[PDB]
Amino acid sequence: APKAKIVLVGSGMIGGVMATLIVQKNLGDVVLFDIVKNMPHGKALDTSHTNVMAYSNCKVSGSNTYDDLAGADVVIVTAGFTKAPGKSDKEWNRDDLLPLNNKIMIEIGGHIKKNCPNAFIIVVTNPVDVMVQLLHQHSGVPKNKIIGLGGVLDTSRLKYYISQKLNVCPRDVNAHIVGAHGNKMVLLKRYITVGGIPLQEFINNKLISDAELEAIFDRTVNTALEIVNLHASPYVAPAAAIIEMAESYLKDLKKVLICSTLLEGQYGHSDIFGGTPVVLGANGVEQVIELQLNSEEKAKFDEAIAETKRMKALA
């Protein structure tokens, strides 16, 4: 009334799961855009039939034309590469995707500016904290209308691994990972809760040890690598994390979700994007929340921002 229009700029693995979940949730009409001929039309057709099983009514259409961005309410950008040519799975690193994806953001930004300047934008392409700011600058959208994927996905892993050890519902574990999405991500032990209760209480009771937590932290940071080596660059959880973000915006839920956003003095940083809890609703990024970090935690945050800055320079 009237349905939102959601344009998926990139119709690969993450794009396909996102289209599926949108139909399941009846969130809006979908366009699967890509540079590859024919493929998005085929995925769209397959996905469109699920409206019957789902009791939904969302159109799903394919596109090879940039001007189909016209009228978009939400734009989700996964366009680019997942690995660098020559690299083995063992040496997979998000940093190596910098030279491959830079110009793709510039091109997409020009089309957004021309076709849908009032859309809400979610950037996924890696390295995400660099790419999101590049797209912000080239699309011209307000700072409250663009974010990057990172923390919702990283914390889903940390939350899940802890919930399995303690035998509680996964969503009952809450946790914060900040700064950047990548190997310098900052995992904040002090801000973990289980059922709203400080995790330290469960450590005091010998229900989970400090050593067990250290191993879970290392597993969290290396999850994408672990999967890439067993199967492929992950796509199912990434997709689910992006849809939780888009849903909060579309339905005005005002959920607190950790995403990459423009910093204007928080943590001592300006003129750069970084991961922090934000509130997402009808007005986009409605609130940027600054965690009251200690000096040891701030020092790790600074390390993460330094890495985004280094790659920003090379783009």
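One-based numbering along the sequence shown. Each form is matched to the other, and the largest set of C-alpha atoms that superpose within 1.5 Å is called the rigid core.
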In 6 other deposited structures of this protein, superposed by the rigid core, which stretch departs further from the shown form in CA positions, 224-232 or 167-175? 224-232
Core-aligned CA RMS in 6 other deposited structures of this protein: between 193-201 and 100-108 the higher one is 100-108
Looking at the other compared entries that model both neighbours, is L153 missing coordinates in at least a third of them? no
In at least a third of the other entries we lined up, does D95 end up with no coordinates? no
When mean C-alpha B-factors in the record are compared for 3-11 and 304-312, the larger belongs to 304-312
76-84 or 186-194, whichever carries the higher mean Cα B-factor: 76-84
Based on the PDB record, which member of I121, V221, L207, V132 exhibits the highest Cα temperature factor? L207
Going by the CA temperature factor in the entry, name the top one among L153, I147, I227, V173. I227
Taking the chain's C-alpha temperature factors as the reference, tell me which third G42 falls into: lowest, middle or highest. middle
Chain thirds of CA B-factor: placement of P127: middle
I289's Cα B-factor: lowest, middle or highest third of the chain? middle
How does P99 rank on Cα B-factor within its chain, lowest, middle or highest third? highest
If you rank every modelled residue in this chain by C-alpha B factor, which third holds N283: lowest, middle or highest? highest
